[PDB]
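Okay, here's what each chain looks like letter by letter:
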Amino acid sequence: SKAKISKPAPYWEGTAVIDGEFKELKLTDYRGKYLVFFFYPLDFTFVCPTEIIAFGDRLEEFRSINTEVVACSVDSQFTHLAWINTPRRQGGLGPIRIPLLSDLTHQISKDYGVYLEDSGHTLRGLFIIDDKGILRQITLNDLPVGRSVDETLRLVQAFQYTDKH
Amino acid sequence: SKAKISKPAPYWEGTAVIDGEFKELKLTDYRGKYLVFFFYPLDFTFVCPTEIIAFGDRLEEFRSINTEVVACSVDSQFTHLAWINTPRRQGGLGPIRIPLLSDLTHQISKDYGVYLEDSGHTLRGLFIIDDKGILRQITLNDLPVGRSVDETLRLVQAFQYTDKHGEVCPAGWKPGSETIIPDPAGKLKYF
Amino acid sequence: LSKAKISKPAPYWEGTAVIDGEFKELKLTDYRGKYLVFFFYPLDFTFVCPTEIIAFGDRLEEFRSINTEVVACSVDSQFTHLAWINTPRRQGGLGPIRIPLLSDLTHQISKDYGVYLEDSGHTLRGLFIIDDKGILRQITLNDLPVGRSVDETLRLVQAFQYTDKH
Amino acid sequence: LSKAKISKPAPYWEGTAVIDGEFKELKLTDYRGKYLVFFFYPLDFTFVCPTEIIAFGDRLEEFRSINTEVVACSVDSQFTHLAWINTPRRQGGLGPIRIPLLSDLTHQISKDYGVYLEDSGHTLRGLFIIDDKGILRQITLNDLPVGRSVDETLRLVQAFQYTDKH
Amino acid sequence: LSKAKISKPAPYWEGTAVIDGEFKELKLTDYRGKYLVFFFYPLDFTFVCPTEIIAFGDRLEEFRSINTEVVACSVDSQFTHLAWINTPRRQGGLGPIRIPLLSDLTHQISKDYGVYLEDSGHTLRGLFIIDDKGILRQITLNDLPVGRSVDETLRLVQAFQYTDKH
Amino acid sequence: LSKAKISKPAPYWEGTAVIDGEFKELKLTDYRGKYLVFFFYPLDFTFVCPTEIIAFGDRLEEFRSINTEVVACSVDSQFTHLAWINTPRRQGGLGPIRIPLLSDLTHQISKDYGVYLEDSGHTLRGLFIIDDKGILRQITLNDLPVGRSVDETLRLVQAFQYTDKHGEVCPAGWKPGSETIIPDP
Amino acid sequence: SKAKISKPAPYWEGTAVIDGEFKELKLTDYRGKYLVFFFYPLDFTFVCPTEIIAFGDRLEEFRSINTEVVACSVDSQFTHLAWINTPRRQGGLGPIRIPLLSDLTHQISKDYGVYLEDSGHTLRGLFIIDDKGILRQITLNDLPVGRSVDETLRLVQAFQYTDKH
Amino acid sequence: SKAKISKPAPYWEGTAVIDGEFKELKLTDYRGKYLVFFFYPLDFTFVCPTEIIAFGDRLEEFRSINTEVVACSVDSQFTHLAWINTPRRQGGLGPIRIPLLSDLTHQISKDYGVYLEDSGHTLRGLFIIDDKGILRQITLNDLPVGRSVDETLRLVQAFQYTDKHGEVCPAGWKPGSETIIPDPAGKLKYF
Amino acid sequence: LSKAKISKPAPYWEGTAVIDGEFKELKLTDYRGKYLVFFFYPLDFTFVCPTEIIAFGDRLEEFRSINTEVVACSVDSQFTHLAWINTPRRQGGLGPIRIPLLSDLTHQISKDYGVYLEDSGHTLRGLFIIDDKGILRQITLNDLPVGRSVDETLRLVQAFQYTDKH
Amino acid sequence: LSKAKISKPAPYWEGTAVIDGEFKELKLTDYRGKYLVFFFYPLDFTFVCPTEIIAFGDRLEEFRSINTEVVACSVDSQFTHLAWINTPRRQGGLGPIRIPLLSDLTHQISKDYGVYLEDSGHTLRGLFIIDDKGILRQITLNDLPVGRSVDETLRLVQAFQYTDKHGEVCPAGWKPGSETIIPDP
């Protein structure tokens with residue numbers, strides 16, 4: 001893993017589905033803003049949808065504090081798009097306001113230390129990157145357990161508070 | 001760093017201050033129970049010990065769910081005891097129910113990947129270890145920002161739940177929330 | 001590095017496949033005693049219609065009548081495979097299909113067969129004819145834009161079985 | 001080790017070929033600007049009739065009409081190649097032939113293309129489709145007993161040229 | 001390993017020290033032009049350690065009047081050093097002290113002076129006498145149970161200054 | 001490297017010493033059961049008076065009365081040691097002496113104790129205190145110009161023996177009869 | 001090269017054309033007899049035929065002194081057979097009484113130090129192996145120049161003479 | 001061993017006895033001419049020096065074709081001179097026209113791959129080197145068996161022929177014999 | 001490198017020597033129970049070499065009468081040694097001699113005794129005195145232009161036998 | 001390894017010697033332009049009389065009359081050398097001596113000349129003859145019990161100087177005036 005707290009967050013780049021289109025997306029696109037960068041195991045599964053939806057549905061609570069959110073898994077951009085176009089009824093994402101980054105090669109997952117060699121996908125990893133691109137926080141969950149939008153919010157606010165004061 | 005989620009937590013042992021006394025403490029002493037194992041940077045700094053006290057005050061909430069808590073820093077056991085014997089009034093800890101593990105050699109810190117080579121102490125790292133001694137959760141904070149007892153409680157409850165019923169826990173899940181059946185078909189009963 | 005060598009035993013593989021809507025464990029050795037056509041395709045859910053997977057599934061009986069099974073594989077998860085199968089052909093989906101779809105999430109199978117694209121994170125179009133003793137007899141590698149011929153695969157299989165016999 | 005990788009430049013080769021009864025130097029680069037079907041066969045003067053070399057030579061115009069050349073290669077010397085060509089088809093010879101026969105005496109070409117059999121000292125049946133920019137587009141490797149199809153090679157070439165264009 | 005060698009420049013150090021109740025950055029080079037008695041002790045809130053530090057502190061003028069300073073050091077943080085100083089001698093604290101207490105939290109300085117105990121995570125009782133030119137002249141290492149002597153130290157400093165001169 | 005590490009077994013040595021004017025084989029292990037003050041000095045026969053060897057020799061009974069022996073060592077041969085001892089103190093010689101003079105001709109002992117000066121071919125002034133169990137307790141290294149103190153050496157031996165016996169640790173300057181501390185909070 | 005005078009001749013084995021048939025042939029098949037073992041560049045060439053024919057046509061002069069002769073090149077056994085079935089008129093060998101060993105893999109040529117890396121075939125190399133399998137003589141010619149049956153005969157006779165006396 | 005057919009012959013230099021005198025001799029001294037360079041095992045043995053004498057007696061046959069001859073062994077130049085000064089009657093060489101190169105260091109022998117590590121001298125090795133200093137022919141004999149001047153003459157003539165006319169020489173070829181045109185077509189005019 | 005070390009067993013040697021006109025195999029161990037003066041000289045048919053060998057040969061009884069033998073050695077073959085012996089002293093030969101002349105054609109012995117000159121292909125003038133127990137006691141190495149002395153050698157042998165005894 | 005190789009430059013050395021009772025820095029290069037007899041002996045102050053150092057000292061003028069100097073060396077310190085020289089021959093001492101006694105305290109010189117005995121910490125008896133150009137011409141190594149000969153040393157120096165001058169080589173036993181050989185057939 002290249003991910004070290006208080007060091008620049010490992011650079012990434014790749015294709016994301018953004019508002020239903022394929023776009024190239026870079027970590028550096030987010031300079032000036034805080035970024036919640038998180039990995040989830042696999043599209044068309046179970047815990048991964050709920051926590052992606054929670055974040056998307058509450059996106060304004062981040063954007064209103066100069067914070068953006070990006071989600072990532074090892075699935076392809078085509079699978080991401082198919083998942084978005086799958087209605088929440090059938091366990092899809094439905095439309096989403098958060099970019100879904102594809103880590104097909106696994107390079108990004110490995111740089112961030114969240115790749116599972118034995119499974120071929122990531123664990124539940126979340127990274128808080130500040131506006132200068134420095135990594136400030138790392139949350140790694142074993143697969144069965146989702147993350148909390150409220151705890152994330154609290155942490156972003158705390159770093160912004162201690163940044164200032 | 002030997003700490004890997006879903007592998008056995010890196011073994012450790014050392015001197016801890018427990019109820020005012022020096023006691024030898026081992027990771028294996030906690031087999032059978034969940035363990036919240038966390039590091040904080042330094043004794044005796046100018047910031048009020050809000051997090052260690054918060055875990056100390058709410059310790060019964062963890063014990064009611066088969067969970068113990070252990071705190072650790074690179075300070076000596078002697079410094080730990082001195083800090084405890086210092087009134088909260090003056091930045092001390094005052095009495096405390098949670099053992100304070102000493103990591104003078106830095107070995108434990110390095111094994112958990114929380115040691116800061118440039119500073120000579122740890123960042124704020126917390127680890128949730130299950131009753132079979134498997135590591136389930138890693139939270140690493142930059143120095144300025146403290147940890148939440150509630151969030152820690154939520155995570156411990158969620159792991160114990162999914163241990164038991166297998167069903168997986170959605171984002172935000174607290175006790176009493178809807179869970180998911182980990183099946184492409186069974187998942188519909190939730191979505 | 002690639003372990004696939006003609007007239008040597010085909011590189012062993014195992015993983016999760018989707019067979020008739022369900023997740024099943026599948027191994028190379030499950031096909032001992034039969035010829036196996038083992039082929040890789042890049043990705044589920046792309047905008048190019050699944051002509052070849054369907055062509056094979058539609059003509060599967062021409063294979064089973066000559067003691068030959070067919071298996072398809074990509075780097076997609078078994079969950080994606082299922083979702084694709086459960087998407088109507090109308091919308092680029094696969095629809096029901098009679099061929100197992102094997103998941104190579106870890107990329108280990110793709111690497112062993114030398115079909116993995118390090119730069120792209122999926123495979124090219126590789127097809128392998130494995131005999132009933134588990135020996136690799138044929139290797140066909142296509143650059144992405146160009147599909148494979150069921151008729152050619154049939155001809156090759158029949159040919160190998162003929163020269164096996166006479 | 002093999003240097004042949006799809007969507008990379010085909011491994012460079014050079015040597016002596018027999019072209020229309022004569023010895024000529026020949027290089028991969030001589031075919032820049034054209035598609036090239038480059039194929040290996042085991043050995044001259046064996047007791048199995050030269051069905052495939054002849055099939056290609058007989059249908060060579062179907063290739064030249066789509067900007068495609070054909071080259072055949074084995075580990076035999078150019079002298080053996082010539083002697084084979086100068087042997088009547090009646091007696092297993094090749095007879096006159098319109099395809100260059102390239103000699104790979106040093107085995108270096110066979111190794112670079114990953115078709116050499118260390119144990120046997122000749123190659124298997126390998127065929128390679130190289131595009132007009134010298135990029136490798138297709139790899140077909142057959143175990144010895146089974147030949148190649150001119151129709152399939154045509155279909156593949158046309159297909160690559162189509163997707164090049166559209 | 002230890003960089004501390006008699007008759008060679010003393011291993012450079014720098015770090016945070018508590019000086020008259022405040023955190024100051026302190027370097028070995030701040031002592032050029034003066035003799036320096038630089039000594040390590042194990043841990044704050046321990047037993048011999050206070051008594052040795054108190055003795056050197058209380059008799060500091062006997063050093064300063066021969067152009068000699070004194071610095072003490074342990075692996076304790078500067079926050080622990082300051083808390084110890086603000087502990088009344090009654091309760092085993094240092095009480096106010098005139099000698100800087102250097103912090104070696106990273107262990108780098110202890111290791112450079114060869115006094116660190118890998119097994120225990122703190123130093124033994126090492127004392128070093130460094131001349132005004134920055135040259136190490138004397139090394140004294142005691143096992144933990146036994147304290148050093150101000151009188152012996154004074155005698156040594158005087159002996160060196162005398163032989164320097166005559 | 002130097003093998004001398006405090007609270008580890010002192011590096012084994014053996015060699016020929018001059019003892020009461022005779023050549024004797026001497027081993028570090030010969031001193032088990034007693035404390036040993038083992039010290040190096042540079043060279044026999046220089047133009048600086050042998051103040052420190054004589055001082056230890058003259059006061060040997062204070063060491064012996066506390067179960068403690070003394071051995072001196074330099075890189076000189078045993079023949080040079082003997083010649084020096086047979087030279088009258090009047091003429092810089094040692095005169096008779098009660099302390100063994102161990103010869104370290106091969107330089108191995110000096111190297112093992114990390115007192116050897118590679119550029120000079122002799123040792124600096126090093127003194128080592130070894131307990132009854134063969135464990136190194138104390139290392140004193142002096143640059144060449146400055147000698148050692150019998151009183152300080154006596155105090156250290158007494159202190160280590162006191163702490164061996166009572167555990168209680170010895171404060172700065174502690175001498176026999178002074179206040180000690182129970183290593184307990 | 002493994003070929004050293006007064007050491008056992010490097011072991012070889014391979015397929016030869018013997019009286020128009022393919023046979024497996026081993027160096028050890030010749031124990032009890034002297035062996036003239038020689039390499040020539042390529043079938044369907046120029047100097048190689050004449051010196052093979054000279055040896056074959058004078059084979060009795062070797063067999064009458066307990067000596068056998070084997071020829072070798074990198075050509076395949078199929079090319080050897082085609083060459084034999086090519087009439088001397090057209091530069092073939094015509095029928096031949098000497099085995100033609102195939103060194104398709106080049107292992108034999110390399111063991112004997114006669115392989116030409118740059119050309120893919122051997123130079124003109126001749127080895128005299130005694131009846132105990134010890135190498136006694138080595139003759140290496142650059143490609144333009146044939147060997148002499150008379151000189152070979154003289155050498156075999158000399159070794160047999162000095163063996164005895 | 002650095003001797004490879006169709007590569008430049010391994011360079012050498014040393015002291016040779018030439019017409020009773022000690023002379024420094026170099027391989028490069030023979031550029032422009034063919035060189036027959038041969039090794040024999042030892043001076044002064046109980047076997048009559050039939051081969052060195054045979055080359056000495058027939059030396060004019062080589063010089064008439066732009067070819068020199070040099071013999072070499074591991075013996076010193078002093079032993080070489082002594083051997084020459086010994087009457088053929090008594091196993092000596094008696095006077096001789098061919099230089100005798102000394103290889104005391106064994107370097108030259110090792111470079112030509114003729115040195116016998118177990119014996120400390122060479123086997124019987126002969127080397128034919130052309131006028132451009134390229135090695136054309138290597139003949140290695142076990143100790144018991146001598147070399148033929150006629151065969152050496154034949155080989156030198158054949159190389160000079162094929163150098164000149166390119167046409168290749170068939171087995172047994174002596175001057176005046178049929179040669180072959182090195183072409184799949186031109187070869188018929190011979191066969 | 002040289003294995004010859006004073007007070008250690010002399011490096012074992014063996015080889016062919018000319019002894020009274022005949023070739024005999026000779027080993028260092030053939031001399032156990034006696035002192036051995038073992039010396040090297042450069043080359044047969046040279047200059048100082050004969051004179052030194054002649055002197056030791058002519059005065060051999062002075063060695064044998066103190067239970068000491070003498071062996072000489074050069075890199076010359078045994079055939080050269082014998083031819084040299086059969087050369088009249090007039091013509092610079094040795095003439096008949098009573099000392100074995102060991103041959104070191106392979107250079108192995110010279111190298112073991114550290115007397116070989118890589119540059120020249122022969123030895124310098126090295127002399128070794130070996131006791132009756134096979135222990136090397138003395139080494140004398142001279143540059144080529146200067147010969148050894150029988151008297152000095154005798155004196156040394158006598159000195160060693162005397163100190164051995166008393 | 002030993003760096004002493006015949007017909008190669010003698011291994012450079014420098015150090016402190018006692019010369020006419022004074023400490024002087026001495027370098028091998030100080031002897032360029034003259035032959036040098038450089039020899040090692042084991043130890044100062046033993047119970048075997050200094051026969052060979054005295055013999056060389058007593059006969060020094062025979063060396064000096066042929067452009068040849070002599071230096072003796074042991075691993076002893078220069079202070080020990082001085083004490084030994086100041087000890088009367090009566091008492092095993094050296095008494096005054098005309099030959100420099102070079103000190104090899106660090107053992108480097110002894111090691112460079114391959115005369116050092118690792119197990120003993122001193123040298124065997126080695127003698128080296130170095131010409132005016134710094135080239136080593138002769139090596140004589142004796143086991144400890146047996147001393148060296150001034151006459152033999154004189155003969156070797158004379159021989160090397162003769163051959164230097166006339167080329168003609170010197171036969172066995174050659175002394176000044178004896179028959180020599182023109183190195184020509």
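The structure under discussion appears in the preceding block.
Figured I'd write up the structure that's included with this text.

1. Section: the overall build of chain F
Across its full length, chain F carries 5 helices and 9 strands. Along its sequence from the N terminus, chain F presents helices and strands in the succession β-β-β-α-α-β-α-β-α-β-β-β-β-α. Rg of the C-alpha trace for chain F: 17 Å, near the compact-globule value of 16 Å for 185 residues, within the 12% margin. Dimensions of chain F, computed from C-alpha atoms along their principal axes, come out at roughly 55 × 35 × 30 Å. Counting only residues that meet the buried cut, chain F has 57% of its 185 residues in that class. As presented, chain F carries roughly 7900 Å² of accessible surface, and 50% of it is formed by carbon and sulfur atoms.

2. A short note on the pattern of salt bridges
Where charged atoms from two side chains of opposite charge come close, those side chains can pair. Tallied over the full model, the rule gives 142 salt bridges over all chains. Note that B:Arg97 is salt-bridged to B:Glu60, the shortest N-O span being 3.2 Å. Here the residue B:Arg97 occupies a position in the loop between α3 (77–84) and β5 (100–102), and B:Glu60 occupies one in helix α2 (residues 59–63), the gap between them amounting to 37 residues. Overall, the relative accessible area of 42% leaves B:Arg97 in the partly exposed class. Given the relative accessible area of 44%, B:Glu60 is considered partly exposed. For C:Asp112, the salt bridge goes to C:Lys3, with nearest N and O atoms at 2.9 Å. Of this pair, C:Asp112 sits in helix α4 (residues 108–112) while C:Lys3 sits in the segment before β1 (14–19), placing them 109 residues apart in sequence. Judged by relative accessible area, C:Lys3 falls into the partly exposed class, the value being 47%. Via salt bridges that share partners, C:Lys34, C:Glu61, C:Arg64, C:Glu69 and C:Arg98 belong to a single interconnected network.

3. Here we look at the pairing of β1(C)
Residues and elements named next belong to chain C. Pairing analysis gives 6 bridges linking β1 to strand β2 (residues 22–27), with the strands arranged antiparallel. Each residue of the ladder has a partner; that of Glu14, found in β2, is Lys27. The antiparallel hairpin formed by β1 and β2 contains 2 residues in its connecting segment, where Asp20 sits at a positive phi of about 50°. Sheet analysis places β1 next to strand β5 (residues 101–103), joined by 2 bridges and oriented antiparallel. Of the residues in β5, the one forming a bridge with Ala17 is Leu102.

Conventions we followed
- Residues numbered from 1 in each chain as written, not as in the entry; some residues may be left out.
- Chains lettered and ligands numbered in written order.
- Heavy atoms only, no water.
- Residues with missing side-chain atoms left out of burial classes, pairs and counts.
- Helix = DSSP H or I, 4+ residues; strand = E, 2+ residues; numbered from the N terminus.
- Rg over C-alpha atoms; globule rule 2.2 N^0.38 Å.
- Buried < 20%, exposed > 50% of the residue type's maximum accessible area, 1.4 Å probe, protein only.
- Areas by Shrake-Rupley, 256 points an atom, 1.4 Å probe, with all protein chains shown as cover.
- Salt bridge = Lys/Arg side-chain N within 4 Å of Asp/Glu carboxyl O.
- Pairing = 2+ DSSP bridges.

By themselves, these observations are geometric and do not establish any function.
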